[PDB]
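Here the structure is laid out as structure tokens; the discussion comes afterwards.
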Amino acid sequence: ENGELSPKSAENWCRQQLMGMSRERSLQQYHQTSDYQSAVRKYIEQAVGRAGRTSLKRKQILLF
Amino acid sequence: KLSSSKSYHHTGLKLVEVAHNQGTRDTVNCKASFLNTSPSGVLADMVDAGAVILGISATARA
Amino acid sequence: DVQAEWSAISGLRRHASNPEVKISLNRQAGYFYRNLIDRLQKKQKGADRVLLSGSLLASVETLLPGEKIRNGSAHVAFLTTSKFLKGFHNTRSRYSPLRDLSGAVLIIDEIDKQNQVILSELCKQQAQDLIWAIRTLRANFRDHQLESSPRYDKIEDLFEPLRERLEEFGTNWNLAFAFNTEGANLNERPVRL
Amino acid sequence: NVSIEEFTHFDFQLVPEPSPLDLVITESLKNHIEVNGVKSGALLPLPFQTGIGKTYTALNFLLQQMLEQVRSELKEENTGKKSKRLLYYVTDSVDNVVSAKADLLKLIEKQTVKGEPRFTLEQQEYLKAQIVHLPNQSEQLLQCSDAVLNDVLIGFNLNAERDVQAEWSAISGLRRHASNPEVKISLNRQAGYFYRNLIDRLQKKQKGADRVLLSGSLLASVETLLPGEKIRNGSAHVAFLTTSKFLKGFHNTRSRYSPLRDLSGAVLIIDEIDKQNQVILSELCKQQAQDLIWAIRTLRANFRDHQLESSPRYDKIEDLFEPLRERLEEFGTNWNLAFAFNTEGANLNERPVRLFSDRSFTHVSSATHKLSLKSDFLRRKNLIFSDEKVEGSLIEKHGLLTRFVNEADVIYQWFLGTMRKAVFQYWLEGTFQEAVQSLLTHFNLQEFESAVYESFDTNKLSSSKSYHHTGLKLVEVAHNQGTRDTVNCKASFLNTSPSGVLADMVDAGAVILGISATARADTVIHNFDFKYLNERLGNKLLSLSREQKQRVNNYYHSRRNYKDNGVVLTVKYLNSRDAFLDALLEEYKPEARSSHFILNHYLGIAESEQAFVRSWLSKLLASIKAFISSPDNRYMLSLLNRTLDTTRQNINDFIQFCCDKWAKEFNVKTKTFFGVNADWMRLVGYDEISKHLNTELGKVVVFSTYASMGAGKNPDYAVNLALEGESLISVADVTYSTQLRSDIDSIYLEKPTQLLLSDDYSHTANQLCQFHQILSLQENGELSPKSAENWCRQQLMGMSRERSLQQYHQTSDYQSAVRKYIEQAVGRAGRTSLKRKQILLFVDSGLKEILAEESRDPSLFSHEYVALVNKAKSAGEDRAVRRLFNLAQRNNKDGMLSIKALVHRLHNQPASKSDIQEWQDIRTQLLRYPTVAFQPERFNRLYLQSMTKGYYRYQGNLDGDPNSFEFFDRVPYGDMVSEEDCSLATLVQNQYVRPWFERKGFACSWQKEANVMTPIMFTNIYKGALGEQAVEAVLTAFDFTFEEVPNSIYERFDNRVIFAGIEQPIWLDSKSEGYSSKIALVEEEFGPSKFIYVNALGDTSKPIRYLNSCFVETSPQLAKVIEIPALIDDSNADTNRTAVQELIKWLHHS
Amino acid sequence: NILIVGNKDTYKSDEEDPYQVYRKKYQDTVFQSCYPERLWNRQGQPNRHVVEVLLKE
DNA sequence: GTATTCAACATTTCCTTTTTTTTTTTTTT
DNA sequence: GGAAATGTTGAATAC
DNA sequence: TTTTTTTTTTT
Ligand SMILES: [Mg+2]
């Protein structure tokens, strides 16, 4: 619906889902979208947001 | 329905499983489970019903 | 039965230190709360209306926090998304916030997370056998009709197209007969559409 | 692991030396094979005294049946036709089941023959493996260790599932510290639910192709979790379970197995058989109520076009449902089931409407009005509207609402019966579930699954009619939940009584061995109806004979030889002792003013209860004083009706004060025991009294009730000879297994009070089993039909519990129940063979007259009951006669109301073929057998048993109220039913009639028998049939041809007559505006016709009368009806040849 | 005429009460009234003394 | 935390009992 | 509005 | 191929 998948890819993925599908293969299908990258950045953006909850900071904050 | 606004978010999906009925070996049922709308459809329905929704999140527009 | 169940719950609650005791107490409390609200909604539905006032009124408002909202005494609610979608009880019935959203202000914390929560609630509906459903609809709509009184105005007109569709569907697909598979082993693998 | 080859060298002909009880059972079952055949079921009631070897006899019989199976399987293994014959031991209480199983295992382990062990260790291990115990599912789960059920979960791969392991972990965690009670109820509930779900999972795992192969350790763990699996495998064939479990059935891996559906060849030992009547009744009362309007609408809608596969597996099943479809279509057309139903007018919200009906007669409606049923086509509604009828005129015109409800009930029960027949046609019990599912799914009736499952285990004048085979129905008509414009008729049924269930078990092939001391008490409230069982089973109801009873009496005397050893039974009847109680009360509170005030204030007795308390307290205290003042009695047991627990503490203190006063006066310390409850005995074991009598010196008073001291509780104690003095003696001629024990030696017996069954539980809110009592009394004849119907009415209108008791008190069933209580009380207190030299029995004086009338055969009474009866009698109205009067009225009113319905159905065109057949069957039966020698089976309610053979006088308006019929010599002057009064002798003297009667087999005279036709039959059917047959007999020999009147206007005229050479259609009526209406009705369908009105008997000299269509006299050529006044001369039975010749002369002028 | 009427206070207005209506309507007619609870004993049987009292009044 | 007088509705009887007067259980859901 | 005849509570008085 | 841990509510 969003336009992230062509109808060809969407129908192939639906067919493979109906016939049983490994999570690793569904996840591989998902990784080809840009929606996946937006979700990755959403996960990262919240991780550093939840850890920045006060106004007392070190002289140096390390992000690895 | 081509004369209307078509979207997955307010048509949803249907999954039908055709199997023999419980205890019988000569009768089949069509057990269907539905999604009649997506969560976006539900949220838009709340807004159209007149609710003022204040959605707060650091990633609200991801 | 009410006294027996409540006394059993109270005795279980008396220590409730063990986690499995807590699980059992949770399930028992849920079922008993359902039964008790079912009953008091019965007595409040009929003419035997118990007049709530003072200490008893406060007791009900503590047992049924949604009763304060019905009474107009409270108008701010803190609840989860799942509870919001399922609704909450008062002394009359279950109140669904979704059916009465006009004028409501709704603050949703972590809004984008609620997409997945709402989806999980929508996934949990009960499946239904379409053959049985259509056969019951076709069988009952064939001749059953409603009262034809002023409280039923323009309602049979809503159902008239559906009755015609049901009869034509049952004729085309021969719903006098039941359905079965032939040939390939259905028990080997069922068909999914 | 043991095998059946261990018994290869076992001597099956060596048995322990049998007691007379064993011999009696064996002889009765031998004779049963001779009389009824091998495959026949049987019912053998055994009135064995408990405490003289009852349980040993039952378990020894059970063990012999176990060894017979082993011998049969060793001998006939080559045949291959394996029949693992099932043996059941059922009783109502869980503890008795467990105790009996433990005693059977002990008997296997410790039995010896000729001083040598009966069985080797391997033989013992084999037999003990054949025995299984089937508790409720919660207790079944909590018995199994974590190892067993973890093995089961692993083997069936349910351990991977989240919810299964979550619930099992919760249950285990509770199980570690389940010492707390509330923990125990919670654990029981969750254990039951979890067992249900888990067994469902193995059942669906096993039905399919993914069947887990069970062997070895997994098989053992499954058999431990599901003991019913051992029965399915054939590894076990003896089951110990309760009556409730027996009725509900038990699971195996494949399905739920119901013992009721597979009773062929089973042997079923039922302990405390007469208690099982009300247990079965309580199981039947718990059926789910269901809505008749919804049920009939669903049945009508789905049977309209849905049909089955037309495959070989559905042969002849569609034909079973074919009549029901036609009936459903006709019913829905007549009552307009396209519309819903509602109440119009009178407020249903202030009170719903209650309708009571036994499905035969005695209909009662809570509405004062005549609730009728009207279809309004302007709206679309069926309206239950209230004509303003008064409750007093309940014998008015039959309204429509009752007719609708009765027909809907008939159709619903017809659907359930047809489901049973179709399940049997589809197929021996694994097919049952599949058959039900396939049939309900083809018809789209899956909503009736629970109803069919629940009900599966449980033309009428021509049938053996009885309440026990029919039951009752109570329907409440109220607004639907959540709506105020639609009404439902929720109905609760009993389709059979417990006597019907027991007779069904015997008919199915079960040999039932009912053991109880009062197994044949003459009450139907507190016992099975053995009058009905004897009618239905015949000689499959076994009875031990007079010689066998004498042998049992001699055996019981040899074990309880009171007389040769010096034991004396002393009986006193105590009335009120007002002065004695007043002196005691004024001693209790010395400075108070008056004893009435002491009773009111310090004891807490209201002004209403003062007289009753003064009555029952004085007797109790007088008995206690006489117990204490006795020299060497050591153990009293009061049996009151109320418990003396902490709710009556003010009386316990006074009783304690008196006991201490008398203990000081007579110098013996007495330890009371108040409030011996069911709860007290569960919490504080009864061995506290036993230990006290074992260790302490002095007397003991025990306060209890009849209800508390039920079956299975043993009040005997272990004897310490240092404390007993020399007052104990052994009354048994030969004593073995010494273990000195003794029992009670004083007893107070209060008059048992609340004798109508009333459980007061939740499921008793519908009062169904309170109507079962009135209707069971009316079946017996204990009530007149008038009294039973009035009591049914007052029970509908809401009846005080006090007033139901008063209605019960005036039956003799009541007094038999009282004596059944007293006989069971003293019977349970006599369980050893060490006795005092004196035994005191103190009795309420209200029990004196009731015990004075015990007149049955004393051959099997206990010694204490004989003593009570003899003492009662020494200070000194038939029941069968009153039964005869009542049953005369009941058989009358039954036929009176059933003929009216049949005629009303015949006058409803078209007349159904079954109705015509039943009408002809009734008339043929009455013509052939006006009187019958024995009580008939198939036509039992055309007749009544008369006190005089061949005739009886009766008074009653045949078209008035059927409650006001009287009968035999209560009416000296009235009408009379006899051979003379029907003029059969004059009829049979005629030379044309008599060959016809002798050819047809009709009776030319009445046999002088006890069973004669009821007055309704004589007046309304027998005389009409005689007239019709006489007219047909004469006219057929004068060249008339007779053929049947067709269904359009059947029963309006007796016969169409056709003469040779005349083609005008002729009609016959044999015995004015109504007759003209019939004239118009017939001529509307068949054009111009001739109608004949003729009387068979009368004065032949009176002239023939010719009338027109309007029944006005006219010329013969213009007449449409001929009225022949007398066809046969009443004085000498010659044919009225002139009249017939004139008739045929008219017919030639047509 | 005996008019089995309801309790007098439970009728909110005079004209609603059958009593005080037929009393003023039939001005020349003998009247007597009763409540329908006042003919049962405590066990519910008909109370004969009440009907003698009504007849003599 | 008063005492005394007094007006308004209850109660019992009536061609005479209101009537009898309790505790107890298994199983599935 | 069962009746009459007896009887008690509550209320106003109230000295 | 990618590579997990979380949750609410009625039944
Ligand atoms: Mg007056």
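Residue numbers (the UniProt record's numbering), protein chains in the order written: chain A, 836 to 899; chain B, 517 to 578; chain C, 194 to 386; chain D, 32 to 458, 474 to 504, 516 to 933, 938 to 1132, 1142 to 1220; chain E, 345 to 401.
For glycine and all other residues, C-beta sits at the position ideal for the given N, C-alpha and C.
Measuring alpha carbon to alpha carbon, tell me which residue in the options is nearest residue i.
| i | options | result |
| --- | --- | --- |
| residue 634 of chain D | D:673, D:829, D:599, D:667 | D:673 |
| residue 339 of chain D | D:578, D:549, D:487, D:1055 | D:487 |
| residue 83 of chain D | D:353, D:615, D:307 | D:615 |
| residue 153 of chain D | D:39, D:430, D:1199 | D:39 |
| residue 199 of chain D | D:212, D:180, D:217 | D:180 |
| residue 517 of chain D | D:1093, D:392, D:866, D:579 | D:392 |
| residue 113 of chain D | D:103, D:120, D:122 | D:103 |
| residue 962 of chain D | D:437, D:871, D:842 | D:437 |
| residue 876 of chain A | B:571, B:525, B:576 | B:576 |
Roughly how many angstroms lie between the CA atoms of residue i and residue j, to the nearest whole one?
| i | j | result |
| --- | --- | --- |
| residue 567 of chain B | residue 547 of chain B | 36 Å |
| residue 726 of chain D | residue 720 of chain D | 5 Å |
| residue 272 of chain C | residue 527 of chain B | 29 Å |
| residue 381 of chain E | residue 397 of chain E | 15 Å |
| residue 444 of chain D | residue 553 of chain D | 12 Å |
| residue 807 of chain D | residue 688 of chain D | 24 Å |
| residue 941 of chain D | residue 540 of chain D | 54 Å |
| residue 88 of chain D | residue 97 of chain D | 14 Å |
| residue 1013 of chain D | residue 519 of chain D | 24 Å |
| residue 709 of chain D | residue 214 of chain D | 34 Å |
| residue 589 of chain D | residue 1215 of chain D | 59 Å |
| residue 303 of chain D | residue 86 of chain D | 11 Å |
| residue 131 of chain D | residue 779 of chain D | 33 Å |
With the cut-off set at 7 Å, would you say residue i and residue j are in Cβ contact?
| i | j | result |
| --- | --- | --- |
| residue 905 of chain D | residue 628 of chain D | no |
| residue 256 of chain D | residue 175 of chain D | yes |
| residue 388 of chain C | residue 274 of chain C | Beyond the ends of chain C as shown, which are 194 and 386, falls residue 388 of chain C; an answer cannot be given. |
| residue 599 of chain D | residue 59 of chain D | yes |
| residue 1166 of chain D | residue 1047 of chain D | no |
| residue 510 of chain D | residue 384 of chain D | The residue list of chain D ends a segment at 504 and starts the next at 516, so residue 510 of chain D has no coordinates to report. |
| residue 359 of chain C | residue 328 of chain C | no |
| residue 697 of chain D | residue 316 of chain D | no |
| residue 376 of chain D | residue 417 of chain D | yes |
| residue 950 of chain D | residue 1033 of chain D | no |
| residue 1023 of chain D | residue 1078 of chain D | no |
Would you list, in sequence order, the uninterrupted alpha helix (DSSP H) runs of no fewer than 4 residues that lie entirely inside the region 318-343 of chain D? Counting whole runs of 4 or more residues, the region 318-343 of chain D contains the alpha helix (DSSP H) stretches 323-333.
Any alpha helix (DSSP H) of 4 or more consecutive residues that is wholly inside the region 687-769 of chain D: Those alpha helix (DSSP H) runs which fall completely within the region 687-769 of chain D and span 4+ residues are 706-723, 735-740, 744-752.
At 3 residues or longer, and completely inside the region 1044-1071 of chain D: list those beta strand (DSSP E) runs for me, N to C. Qualifying beta strand (DSSP E) stretches: none in this window.
Please list the segments of the alpha helix (DSSP H) lying wholly inside the region 599-683 of chain D, counting only runs of 4 or more residues, in order along the chain. Taking only runs of at least 4 residues, the alpha helix (DSSP H) segments lying wholly in the region 599-683 of chain D are 603-616, 635-645, 652-658.
4 or more residues per run - each alpha helix (DSSP H) lying fully within the region 210-262 of chain C: Taking only runs of at least 4 residues, the alpha helix (DSSP H) segments lying wholly in the region 210-262 of chain C are 212-238, 247-256.
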